[PDB]
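Enquirer: Quick one: structure below, then a few questions.
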There are 2 protein chains.
Amino acid sequence: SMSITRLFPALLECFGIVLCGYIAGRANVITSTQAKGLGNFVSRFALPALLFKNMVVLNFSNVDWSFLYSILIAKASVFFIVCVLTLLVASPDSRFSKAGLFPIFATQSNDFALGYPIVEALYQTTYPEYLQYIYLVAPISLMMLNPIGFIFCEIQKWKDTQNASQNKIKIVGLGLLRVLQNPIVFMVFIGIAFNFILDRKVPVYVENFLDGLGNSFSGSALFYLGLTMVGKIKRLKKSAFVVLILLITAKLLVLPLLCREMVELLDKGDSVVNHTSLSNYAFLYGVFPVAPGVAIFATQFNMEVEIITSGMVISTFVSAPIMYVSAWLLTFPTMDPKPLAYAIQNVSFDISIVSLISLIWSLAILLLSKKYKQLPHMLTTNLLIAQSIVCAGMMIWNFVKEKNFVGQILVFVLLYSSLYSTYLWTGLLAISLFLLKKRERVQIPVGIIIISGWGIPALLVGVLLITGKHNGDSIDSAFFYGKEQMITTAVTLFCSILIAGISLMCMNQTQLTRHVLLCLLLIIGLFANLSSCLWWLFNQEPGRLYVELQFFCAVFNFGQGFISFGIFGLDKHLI
Amino acid sequence: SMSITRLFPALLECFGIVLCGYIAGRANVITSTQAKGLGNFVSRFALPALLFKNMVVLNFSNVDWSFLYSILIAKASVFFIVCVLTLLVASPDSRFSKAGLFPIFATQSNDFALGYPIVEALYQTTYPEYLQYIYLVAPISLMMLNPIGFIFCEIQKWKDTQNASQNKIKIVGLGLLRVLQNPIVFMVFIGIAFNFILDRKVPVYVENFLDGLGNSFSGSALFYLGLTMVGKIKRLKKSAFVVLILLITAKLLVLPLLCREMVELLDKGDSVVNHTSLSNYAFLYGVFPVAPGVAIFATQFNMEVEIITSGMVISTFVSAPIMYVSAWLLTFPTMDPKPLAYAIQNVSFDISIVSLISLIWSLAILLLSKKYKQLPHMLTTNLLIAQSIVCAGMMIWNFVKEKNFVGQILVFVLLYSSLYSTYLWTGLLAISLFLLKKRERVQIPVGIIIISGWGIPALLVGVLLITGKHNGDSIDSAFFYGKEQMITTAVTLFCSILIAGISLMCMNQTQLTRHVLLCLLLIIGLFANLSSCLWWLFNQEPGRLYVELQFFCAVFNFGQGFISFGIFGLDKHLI
Ligand SMILES: CCCCCCCC/C=C/CCCCCCCC(=O)O[C@@H](COC(=O)CCCCCCCCCCCCCCC)COP(=O)([O-])OCC[N+](C)(C)C
Ligand SMILES: CCCCCCCC/C=C/CCCCCCCC(=O)O[C@@H](COC(=O)CCCCCCCCCCCCCCC)COP(=O)([O-])OCC[N+](C)(C)C
Ligand SMILES: CCCCCCCC/C=C\CCCCCCCC(=O)O[C@@H](COC(=O)CCCCCCCCCCCCCCC)COP(=O)([O-])OCC[N+](C)(C)C
Ligand SMILES: CCCCCCCC/C=C\CCCCCCCC(=O)O[C@@H](COC(=O)CCCCCCCCCCCCCCC)COP(=O)([O-])OCC[N+](C)(C)C
Ligand SMILES: CC(C)CCC[C@@H](C)[C@H]1CC[C@H]2[C@@H]3CC=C4C[C@@H](O)CC[C@]4(C)[C@H]3CC[C@]12C
Ligand SMILES: CC(C)CCC[C@@H](C)[C@H]1CC[C@H]2[C@@H]3CC=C4C[C@@H](O)CC[C@]4(C)[C@H]3CC[C@]12C
Ligand SMILES: N[C@@H](Cc1c[nH]c2ccccc12)C(=O)O
Ligand SMILES: N[C@@H](Cc1c[nH]c2ccccc12)C(=O)O
Ligand SMILES: *[C@@H]1O[C@H](CO)[C@@H](O)[C@H](O)[C@H]1NC(C)=O
Ligand SMILES: *[C@@H]1O[C@H](CO)[C@@H](O)[C@H](O)[C@H]1NC(C)=O
Ligand SMILES: O=S(=O)(O)Oc1c[nH]c2ccccc12
Ligand SMILES: O=S(=O)(O)Oc1c[nH]c2ccccc12
């Protein structure tokens with residue numbers, strides 16, 4: 001099935017080059033004007049030769065059409081609901097532009113650039129026929145859905161132009177002509193025509209010419225994608241943001257669920273293994289981020305560049321953890337016990353590397369800027385240090401099972417002392433934000449907060465250390481002392497959530513602009529972890545999904561540094 | 001040995017993409033400012049990743065050091081002769097700048113962009129160890145010769161600054177520091193260092209990241225090469241051009257001869273087949289055009305941009321026919337009788353394809369511009385149609401020998417009637433140029449020239465048709481009637497050369513600026529062809545190299561259209 005062992009390097013390449021593009025772009029080496037030439041080259045030269053070649057070589061006989069109808073119907077439904085509510089809710093002066101552009105935003109995946117390398121890694125040696133579906137699903141959806149949006153936007157231009165229903169032919173013709181002149185449709189039509197005309201075989205003189213342009217697309221397209229995100233997120237407003245929240249939730253969440261349910265509803269085959277693999281591939285297909293061409297369309301039309309560009313950037317970022325978590329969630333139910341144990345260990349190992357590097361970057365920038373010296377930033381720096389110790393502890397922990405038994409205990413104490421400190425530090429940060437905006441005079445005794453933040457977890461760790469019999473055969477940090485450590489974590493989370501929650505609601509009734517959000521996102525995370533803790537303790541021994549629960553704790557425990565890094569580290573601060 | 005059957009497709013890709021870069025640039029799609037961004041990506045990101053990966057995997061045990069030592073000594077000698085004469089002849093105010101850049105121009109081949117794809121096509125399945133030699137010879141030559149040139153140019157900056165031999169350390173240090181900070185030297189040193197440390201194996205997480213950036217270099221470097229040549233050739237002056245003539249002959253001609261002779265002198269091996277292949281591979285390596293990075297160095301220093309940019313552009317075009325002709329001449333001596341026959345037929349077939357398409361473009365622009373209507377331009381248009389028929393005739397000829405015998409004769413008459421006309425049209429062009437610049441009154445009776453240009457070859461063709469017995473088993477146009485056709489060609493060439501030659505020398509003693517040159521290059525061609533004709537007729541039956549002689553006629557007969565297209569076709573003319 002899924003060769004998920006070789007999925008992480010494919011996610012380290014796709015976003016490693018995007019990181020290189022970002023670093024190069026902000027380092028000011030290749031400015032925006034120079035970047036336009038690399039965009040024109042990639043978008044007008046590399047992509048048409050790749051599509052033309054692949055369309056020439058497709059063999060129209062082994063394609064399972066049920067998958068094709070399920071995805072096209074799902075995309076149509078997603079387009080329909082977004083357009084309907086956009087027409088129903090948007091303001092009268094600006095309604096047709098939104099109804100014409102939002103449904104394209106919520107349905108146009110980034111399939112070639114990111115989709116092809118990941119599908120190839122998982123599926124090249126297992127079930128070779130799945131790779132070819134990428135070049136079939138994308139063009140038909142583009143052909144059938146983009147012209148409608150351009151029709152609506154042209155209708156908006158006509159309405160603002162002080163007109164009527166006159167020349168109903170011409171709005172349709174301009175939309176069709178604008179769709180046809182894009183360097184994608186013409187070369188897809190030519191490739192399909194030459195597939196039948198030339199009888200499925202590329203001429204010898206032109207194969208290498210097509211391959212030279214075709215192979216240069218992936219790296220340069222990723223690099224220009226990274227270079228195009230520099231500084232585009234900008235400031236915002238309430239209503240905009242709430243729209244963005246819904247649009248990204250609609251795409252990433254509701255598209256894959258419809259795709260899987262329909263695939264499960266229409267395919268009727270006698271092969272259970274093929275049924276399972278096709279359903280999983282159908283789910284994984286929809287998670288792909290929004291295609292960068294939508295922002296190009298917005299720039300050319302000049303009417304929603306800020307919203308669409310912010311949407312594409314955030315959509316790209318949120319998609320990275322989702323593919324990993326979903327992939328390992330679908331491959332969990334049907335395997336052995338101990339290979340599952342290795343699965344949880346491997347996932348925790350992989351996540352700790354990225355969290356540690358992001359934390360190191362964010363902490364170094366915080367330290368160098370000398371901004372660590374004031375009132376609120378000091379507590380955040382303390383929080384990040386604790387998260388760093390948690391990640392380092394996990395890295396030291398994984399290589400330990402076959403080594404000195406004495407080393408087990410010190411690392412256990414270190415891990416849960418720092419994890420508890422991270423929990424309490426979130427509440428202390430919230431309380432300090434409560435105090436900072438109000439409360440004149442009576443400055444915060446920071447020494448007291450530091451003493452409480454470190455002494456309390458150590459005492460709790462020592463209490464857990466004394467009570468409990470060590471289980472030497474349990475290859476997991478969660479069951480060294482069994483029930484007693486696990487019960488303590490639930491109590492610790494509840495105290496932190498109440499302390500952090502009470503202060504935050506008081507602020508609303510009574511740099512801030514960002515700080516508050518880091519508290520808000522963390523509080524959402526702690527609630528999810530707490531429910532996982534509650535389910536296991538109350539329903540006997542081992543719940544219906546113990547592996548799923550443990551995987552959730554591992555993700556929310558070792559990935560917090562990435563969330564912190566995203567807000568704080570990638571900020572401009574003069575050295 | 002050399003798989004030359006698959007060398008033409010490799011030359012249709014390398015220069016096919018370069019054509020796309022040229023067309024796009026003049027079409028104004030990607031202007032000069034935008035083009036700088038595509039250079040920064042290729043020169044600083046894709047290229048450093050390609051060298052670093054390959055240097056890690058090299059196995060320093062199977063490398064034939066005799067081949068390695070021969071090229072480095074050969075490159076040094078070419079560098080030595082150019083610098084010595086530059087100091088002796090250059091003007092005193094500008095002498096140090098030229099000596100620091102000219103030897104670099106004549107020794108820095110385009111090995112990565114153009115050399116590697118061609119060597120792979122010929123040598124991937126035959127002798128796999130030849131591919132690895134590209135990555136050894138290129139970095140060492142760059143490291144040992146370029147630092148010397150930057151030393152000399154810096155001395156000129158010091159000299160013009162009114163100084164002395166003071167701070168001799170800093171002049172040496174300035175040259176060394178500038179070479180090291182270039183994104184080429186630093187990544188070669190790191191790759192060699194990590195080869196021994198990590199024991200020749202790339203880490204799994206980083207292999208795919210390097211491959212994504214590495215494979216994007218080949219397609220994008222060629223495309224950017226075409227876009228940088230747009231409009232750079234410029235106008236010129238006398239003393240400039242004569243320098244350019246010598247510099248290009250030094251790189252392309254005298255460098256490969258030294259490389260082959262030394263390889264024959266130092267390699268002492270018992271394998272004749274390996275000895276033959278190694279000697280042939282050494283020749284083809286030096287024919288590569290001047291690397292585009294030299295013009296980058298000229299632009300940064302701002303001192304010889306006009307000469308060096310013109311040199312690199314002209315060097316690329318001349319290299320294309322040279323690689324093709326040289327490759328098939330080394331593989332001619334050692335084969336069968338009848339398999340050689342296909343070689344002459346195949347080469348003539350391949351050259352006709354490129355000449356026919358180029359002629360169509362050049363002729364079409366002339367007709368549309370309505371410039372065909374005046375006195376001198378009219379005769380050139382007559383000349384180009386005649387060259388077109390010769391190329392058109394060869395394609396019908398190759399396919400017909402196994403078909404209707406009657407079709408043999410009509411095509412035979414057609415080919416030599418037009419071929420003879422092409423010879424005479426060259427002389428008529430020269431005489432008209434003689435008359436145009438002088439001779440007022442008494443305008444040219446163009447009707448007489450049109451009658452003379454076509455009626456005379458037809459009468460000569462008819463005489464050859466009657467006299468001679470057809471040889472049905474001779475698969476070649478040159479021996480249908482044996483001796484009588486061959487004798488006539490020599491006489492026809494002599495009359496044309498004398499008529500064209502006499503007028504041209506009269507012009508010197510007594511648009512022009514370009515026209516004259518097309519006559520001059522053609523006259524050089526007819527002399528070379530005539531000597532080939534003379535050798536065969538006077539030294540019995542079949543010379544020491546009959547295949548070589550016949551091959552020369554085929555190149556100069558069907559490739560004449562290519563020479564004409566370069567001057568006339570690639571010209572700006574308002575439609
Ligand atoms: C995870 C381990 C496995 C995968 C590893 C694979 C590799 C992973 C590696 C990935 C790194 C990829 C690097 C690409 C380029 C980065 C730089 C960049 O463009 O910065 C942008 C920053 O943009 C933001 O600020 C976005 C913030 C989004 C946070 C979302 C958190 C939700 C996570 C939970 C999701 C659900 C959890 C799952 C639920 C099931 C643009 O910068 P700018 O425009 O200048 O604006 C910033 C500056 N300003 C803020 C001051 C204005
Ligand atoms: C041959 C068949 C097999 C191989 C096939 C492989 C593929 C073959 C395909 C090749 C096509 C390659 C396309 C690259 C881009 C072309 C466009 C371009 O850059 O134009 C440049 C033009 O440059 C010149 O004008 C140079 C003229 C050189 C002529 C040399 C003739 C010698 C040939 C004999 C050699 C020895 C013979 C052999 C002896 C043994 C730049 O243009 P510009 O800067 O605007 O300047 C022009 C305008 N202006 C003039 C008005 C100012
Ligand atoms: C294998 C694991 C991979 C994990 C990947 C995903 C996790 C990593 C993700 C994120 C962590 C890193 C984020 C950096 C992006 C921000 C850049 C930035 O702000 O620009 C700065 C400049 O730019 C520099 O100074 C460039 C620094 C390059 C070093 C990067 C090291 C980390 C790269 C990864 C290697 C890891 C090790 C891999 C091998 C062991 C600041 O710019 P400014 O203040 O706007 O002004 C510019 C100053 N100037 C104009 C004077 C020039
Ligand atoms: C397989 C054999 C391959 C052989 C390859 C090597 C031999 C062929 C080599 C050379 C022959 C062709 C040389 C053309 C280069 C000059 C272009 C030029 O000057 O630009 C012109 C514009 O540009 C155009 O209008 C673009 C025309 C594109 C069509 C090209 C067809 C030939 C390509 C090959 C396909 C062959 C068929 C292959 C398949 C059977 C003029 O520009 P301007 O006057 O400066 O102003 C611009 C006008 N504007 C600003 C209003 C826009
Ligand atoms: C869970 C799966 C199915 C869907 C993903 C939905 C959630 C996790 C996504 C959708 C919209 C996202 C938000 C969109 C916009 C921003 C603003 C940015 O400056 C910080 C991140 C933040 C606040 C994102 C956090 C994560 C987010 C809430
Ligand atoms: C014969 C092999 C080994 C070496 C190649 C040397 C000859 C063929 C080369 C070297 C220098 C070349 C010339 C250099 C510059 C120009 C100016 C350009 O506007 C037209 C072509 C023209 C006039 C070239 C014609 C071909 C040329 C004479
Ligand atoms: N414009 C702010 C909105 C915001 C930040 N923090 C908040 C807390 C509550 C409500 C809104 C916000 C943003 O996108 O970051
Ligand atoms: N500058 C001219 C020189 C030139 C053209 N034709 C000539 C004939 C003879 C002597 C010099 C020339 C050129 O490069 O094209
Ligand atoms: C999928 O195809 C068939 C069932 O349709 C069956 O051979 C098996 O389940 C799978 N085979 C391959 C080769 O994937
Ligand atoms: C070249 O290598 C040796 C001679 O050095 C001999 O086996 C033969 O000539 C060639 N072999 C191969 C494998 O190329
Ligand atoms: O089908 S698309 O995903 O839109 O392909 C693309 C079109 N334009 C692009 C620019 C950067 C990366 C990918 C691009
Ligand atoms: O080693 S080089 O040949 O100089 O590689 C290169 C460096 N810079 C380049 C720009 C275009 C094409 C090739 C290039």
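Numbering starts fresh at 1 for the residues of each chain in the structure tokens, the chains themselves are lettered A, B, ... in the order given, and ligands are numbered from 1 as they appear.
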Kindly compile the residues surrounding ligand 2 within 6 Å, counting only C-alpha atoms and all ligand atoms, and format them as a CSV table (one decimal) with N, CA and C atoms, in the first residue's frame.
Expert:
```csv
chain,number,residue,atom,x,y,z
B,11,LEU,N,21.5,17.5,-30.6
B,11,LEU,CA,21.8,18.9,-31.1
B,11,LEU,C,20.5,19.7,-31.4
B,12,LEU,N,19.4,19.0,-31.6
B,12,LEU,CA,18.1,19.6,-31.8
B,12,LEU,C,17.5,20.1,-30.5
B,15,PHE,N,20.2,23.5,-29.0
B,15,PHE,CA,20.0,24.7,-29.7
B,15,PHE,C,18.5,25.0,-30.1
B,18,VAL,N,17.6,27.2,-27.1
B,18,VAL,CA,18.3,28.5,-27.2
B,18,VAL,C,17.5,29.4,-28.2
B,19,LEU,N,16.9,28.8,-29.3
B,19,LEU,CA,16.1,29.5,-30.2
B,19,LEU,C,14.9,30.1,-29.5
B,22,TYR,N,15.7,33.2,-27.6
B,22,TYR,CA,15.9,34.3,-28.5
B,22,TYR,C,14.6,34.9,-29.0
B,229,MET,N,21.6,37.2,-25.7
B,229,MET,CA,22.2,37.5,-26.9
B,229,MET,C,21.5,38.5,-27.8
B,230,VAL,N,20.3,38.9,-27.3
B,230,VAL,CA,19.4,39.7,-28.1
B,230,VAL,C,20.0,41.1,-28.3
B,231,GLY,N,20.4,41.4,-29.5
B,231,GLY,CA,20.9,42.8,-29.8
B,231,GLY,C,22.2,43.1,-29.4
B,232,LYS,N,23.0,42.2,-28.9
B,232,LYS,CA,24.3,42.5,-28.3
B,232,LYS,C,25.4,42.6,-29.3
B,233,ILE,N,25.3,42.0,-30.5
B,233,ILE,CA,26.3,42.0,-31.5
B,233,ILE,C,26.7,43.4,-31.9
B,234,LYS,N,25.7,44.3,-32.1
B,234,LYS,CA,25.9,45.8,-32.3
B,234,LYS,C,26.7,46.1,-33.6
B,314,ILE,N,29.0,34.9,-31.3
B,314,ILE,CA,29.5,34.3,-32.6
B,314,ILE,C,30.1,32.9,-32.4
B,317,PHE,N,27.4,29.9,-32.5
B,317,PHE,CA,26.9,29.5,-33.8
B,317,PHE,C,27.9,28.7,-34.6
B,318,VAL,N,29.1,29.1,-34.7
B,318,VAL,CA,30.1,28.4,-35.5
B,318,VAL,C,30.4,27.0,-34.9
B,320,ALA,N,28.2,24.8,-33.9
B,320,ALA,CA,27.2,23.9,-34.3
B,320,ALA,C,27.6,23.0,-35.5
B,321,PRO,N,28.0,23.6,-36.6
B,321,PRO,CA,28.4,22.8,-37.8
B,321,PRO,C,29.7,22.1,-37.5
B,322,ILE,N,30.6,22.7,-36.7
B,322,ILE,CA,31.9,22.1,-36.5
B,322,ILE,C,31.8,20.8,-35.7
B,324,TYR,N,29.3,18.7,-35.7
B,324,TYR,CA,28.7,17.7,-36.6
B,324,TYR,C,29.7,17.1,-37.6
B,325,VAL,N,30.4,18.0,-38.3
B,325,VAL,CA,31.4,17.6,-39.3
B,325,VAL,C,32.6,16.9,-38.7
B,351,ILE,N,21.4,17.5,-42.9
B,351,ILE,CA,21.7,18.9,-43.2
B,351,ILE,C,20.6,19.6,-44.0
B,354,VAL,N,17.7,21.3,-41.7
B,354,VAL,CA,17.9,22.6,-41.1
B,354,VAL,C,18.0,23.7,-42.1
B,563,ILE,N,24.3,29.6,-44.2
B,563,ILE,CA,25.1,30.8,-44.2
B,563,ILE,C,24.4,32.0,-44.7
B,566,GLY,N,21.8,33.5,-41.9
B,566,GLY,CA,22.4,34.2,-40.8
B,566,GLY,C,22.6,35.7,-41.1
B,567,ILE,N,23.0,36.1,-42.3
B,567,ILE,CA,23.2,37.5,-42.6
B,567,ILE,C,21.9,38.2,-42.9
B,570,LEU,N,18.1,37.0,-40.3
B,570,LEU,CA,18.1,37.6,-38.9
B,570,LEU,C,18.4,39.1,-38.9
B,571,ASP,N,17.5,39.8,-39.6
B,571,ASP,CA,17.6,41.3,-39.7
B,571,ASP,C,16.3,41.9,-39.4
B,572,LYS,N,16.4,43.1,-38.8
B,572,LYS,CA,15.1,43.8,-38.5
B,572,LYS,C,14.6,44.6,-39.7
```
Enquirer: Check which residues fall inside 9 Å of ligand 10 when counting only C-alpha atoms and all ligand atoms, and print them as a list in words.
Expert: residues 126, 127, 128, 129, 269, 270, 271, 272, 273, 274 and 275 of chain B
Enquirer: Please identify the residues whose atoms come within 7 Å of ligand 8, using only C-alpha atoms and all ligand atoms, and report them as a PyMOL selection string.
Expert: chain B and resi 235-238+241+513-514+516-517
Enquirer: For the interface of chain B with chain A (cut-off 10 Å, counting only C-alpha atoms), please tabulate each contacting residue of chain B alongside its nearest pair of atoms and their separation in Å to one decimal, rows sorted by chain and increasing number, as a Markdown table.
Expert:
```
| residue | atom | partner | partner_atom | distance |
| --- | --- | --- | --- | --- |
| B:6 | CA | A:204 | CA | 9.6 |
| B:8 | CA | A:205 | CA | 8.1 |
| B:9 | CA | A:205 | CA | 5.1 |
| B:10 | CA | A:208 | CA | 7.3 |
| B:11 | CA | A:205 | CA | 9.5 |
| B:12 | CA | A:205 | CA | 7.0 |
| B:13 | CA | A:209 | CA | 4.6 |
| B:14 | CA | A:209 | CA | 8.0 |
| B:15 | CA | A:209 | CA | 9.5 |
| B:16 | CA | A:209 | CA | 7.1 |
| B:17 | CA | A:209 | CA | 7.4 |
| B:20 | CA | A:45 | CA | 9.1 |
| B:21 | CA | A:41 | CA | 9.5 |
| B:24 | CA | A:41 | CA | 9.2 |
| B:29 | CA | A:40 | CA | 8.0 |
| B:30 | CA | A:37 | CA | 5.7 |
| B:31 | CA | A:37 | CA | 7.8 |
| B:32 | CA | A:37 | CA | 9.1 |
| B:33 | CA | A:34 | CA | 6.3 |
| B:34 | CA | A:34 | CA | 4.3 |
| B:35 | CA | A:37 | CA | 5.7 |
| B:36 | CA | A:34 | CA | 5.9 |
| B:37 | CA | A:34 | CA | 4.2 |
| B:38 | CA | A:38 | CA | 5.3 |
| B:39 | CA | A:38 | CA | 9.1 |
| B:40 | CA | A:30 | CA | 6.9 |
| B:41 | CA | A:30 | CA | 8.1 |
| B:42 | CA | A:220 | CA | 9.4 |
| B:45 | CA | A:20 | CA | 8.9 |
| B:46 | CA | A:219 | CA | 9.0 |
| B:204 | CA | A:9 | CA | 7.4 |
| B:205 | CA | A:9 | CA | 5.1 |
| B:206 | CA | A:9 | CA | 7.6 |
| B:207 | CA | A:9 | CA | 8.5 |
| B:208 | CA | A:13 | CA | 6.3 |
| B:209 | CA | A:13 | CA | 4.6 |
| B:210 | CA | A:13 | CA | 8.4 |
| B:211 | CA | A:219 | CA | 9.0 |
| B:212 | CA | A:219 | CA | 5.3 |
| B:213 | CA | A:219 | CA | 5.6 |
| B:214 | CA | A:219 | CA | 8.5 |
| B:215 | CA | A:216 | CA | 6.5 |
| B:216 | CA | A:216 | CA | 4.2 |
| B:217 | CA | A:216 | CA | 7.1 |
| B:218 | CA | A:212 | CA | 7.2 |
| B:219 | CA | A:212 | CA | 5.3 |
| B:220 | CA | A:216 | CA | 6.6 |
| B:221 | CA | A:216 | CA | 9.9 |
| B:222 | CA | A:212 | CA | 9.7 |
| B:223 | CA | A:41 | CA | 9.0 |
| B:224 | CA | A:41 | CA | 9.6 |
```
Enquirer: All residues within 6 Å of ligand 5 are required, counting only C-alpha atoms and all ligand atoms; please report them as a list in words.
Expert: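 Residues lying within 6 Å of ligand 5: residues 245, 248, 249, 252 and 253 of chain A.
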Enquirer: Output C-alpha atoms for every residue in that selection, as a CSV table (one decimal), in the first residue's frame.
Expert:
```csv
chain,number,residue,atom,x,y,z
A,245,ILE,CA,-11.1,31.7,8.0
A,248,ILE,CA,-9.7,28.0,4.0
A,249,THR,CA,-11.7,25.8,6.3
A,252,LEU,CA,-9.1,22.0,3.3
A,253,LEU,CA,-11.9,20.4,5.4
```
Enquirer: Near residue 356 of chain B, counting only C-alpha atoms, which residues have an atom at most 12 Å away, once you skip same-chain residues fewer than 2 positions from it, shown as number ranges by chain?
Expert: B: 349-354, 358-363, 384-395, 558-565
Enquirer: If you keep N, CA and C atoms, can you produce a file of those selected residues as a compact mmCIF listing (two decimals), in the first residue's frame?
Expert:
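In the end it all went to out-v2.txt:
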```
# COMPACT_ATOMS: atom_id res chain seq x y z
N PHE B 349 20.97 14.10 -45.76
CA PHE B 349 19.57 14.20 -45.37
C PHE B 349 19.39 15.11 -44.16
N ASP B 350 20.23 14.94 -43.13
CA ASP B 350 20.10 15.73 -41.91
C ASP B 350 20.37 17.21 -42.15
N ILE B 351 21.40 17.54 -42.94
CA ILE B 351 21.72 18.94 -43.19
C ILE B 351 20.60 19.63 -43.96
N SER B 352 19.95 18.90 -44.87
CA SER B 352 18.87 19.47 -45.67
C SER B 352 17.69 19.92 -44.83
N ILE B 353 17.42 19.24 -43.71
CA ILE B 353 16.30 19.62 -42.85
C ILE B 353 16.49 21.01 -42.27
N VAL B 354 17.68 21.29 -41.72
CA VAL B 354 17.92 22.58 -41.08
C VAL B 354 17.99 23.70 -42.10
N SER B 358 15.36 27.19 -42.42
CA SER B 358 15.98 28.51 -42.34
C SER B 358 15.76 29.32 -43.60
N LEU B 359 15.84 28.69 -44.77
CA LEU B 359 15.63 29.41 -46.02
C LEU B 359 14.21 29.95 -46.13
N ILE B 360 13.22 29.17 -45.69
CA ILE B 360 11.82 29.59 -45.76
C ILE B 360 11.58 30.86 -44.94
N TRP B 361 12.16 30.93 -43.74
CA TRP B 361 12.01 32.11 -42.89
C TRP B 361 12.62 33.35 -43.54
N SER B 362 13.87 33.24 -43.98
CA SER B 362 14.59 34.38 -44.57
C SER B 362 13.91 34.88 -45.84
N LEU B 363 13.47 33.96 -46.70
CA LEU B 363 12.80 34.34 -47.94
C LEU B 363 11.45 35.00 -47.68
N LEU B 384 18.46 32.94 -53.45
CA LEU B 384 17.89 32.11 -52.38
C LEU B 384 16.89 31.06 -52.86
N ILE B 385 16.05 31.36 -53.86
CA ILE B 385 15.13 30.34 -54.38
C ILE B 385 15.91 29.17 -54.99
N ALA B 386 17.00 29.47 -55.70
CA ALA B 386 17.84 28.42 -56.28
C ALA B 386 18.43 27.50 -55.21
N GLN B 387 18.91 28.07 -54.10
CA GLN B 387 19.42 27.25 -53.00
C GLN B 387 18.32 26.38 -52.40
N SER B 388 17.09 26.90 -52.35
CA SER B 388 15.95 26.16 -51.83
C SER B 388 15.64 24.91 -52.65
N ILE B 389 15.74 25.01 -53.98
CA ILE B 389 15.45 23.85 -54.83
C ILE B 389 16.47 22.74 -54.61
N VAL B 390 17.74 23.10 -54.39
CA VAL B 390 18.78 22.09 -54.15
C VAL B 390 18.47 21.29 -52.89
N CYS B 391 18.11 21.98 -51.80
CA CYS B 391 17.73 21.32 -50.55
C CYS B 391 16.46 20.48 -50.73
N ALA B 392 15.47 21.02 -51.45
CA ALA B 392 14.22 20.30 -51.71
C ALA B 392 14.45 19.03 -52.52
N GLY B 393 15.34 19.10 -53.50
CA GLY B 393 15.68 17.97 -54.36
C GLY B 393 16.25 16.74 -53.68
N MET B 394 17.10 16.96 -52.68
CA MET B 394 17.74 15.89 -51.92
C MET B 394 16.76 15.03 -51.13
N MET B 395 15.74 15.63 -50.52
CA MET B 395 14.74 14.82 -49.82
C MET B 395 13.98 13.87 -50.74
N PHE B 558 24.63 21.51 -49.56
CA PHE B 558 23.33 21.61 -48.92
C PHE B 558 23.33 22.53 -47.71
N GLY B 559 24.49 23.01 -47.26
CA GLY B 559 24.53 23.90 -46.12
C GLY B 559 24.65 25.37 -46.46
N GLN B 560 24.68 25.71 -47.75
CA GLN B 560 24.83 27.09 -48.19
C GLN B 560 23.68 27.98 -47.73
N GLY B 561 22.47 27.41 -47.66
CA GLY B 561 21.32 28.16 -47.16
C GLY B 561 21.48 28.66 -45.74
N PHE B 562 22.12 27.86 -44.88
CA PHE B 562 22.36 28.26 -43.50
C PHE B 562 23.21 29.53 -43.42
N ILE B 563 24.26 29.62 -44.24
CA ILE B 563 25.13 30.79 -44.24
C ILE B 563 24.36 32.04 -44.67
N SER B 564 23.55 31.91 -45.72
CA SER B 564 22.75 33.03 -46.22
C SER B 564 21.74 33.53 -45.19
N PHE B 565 21.09 32.60 -44.49
CA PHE B 565 20.05 32.95 -43.51
C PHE B 565 20.61 33.83 -42.40
```
Enquirer: What residues of the protein or nucleic acid chains come within 6 Å of ligand 12 when you use only C-alpha atoms and all ligand atoms? Reply as a PyMOL selection string.
Expert: chain B and resi 43+110+112-113+221-222+224-225+291-293
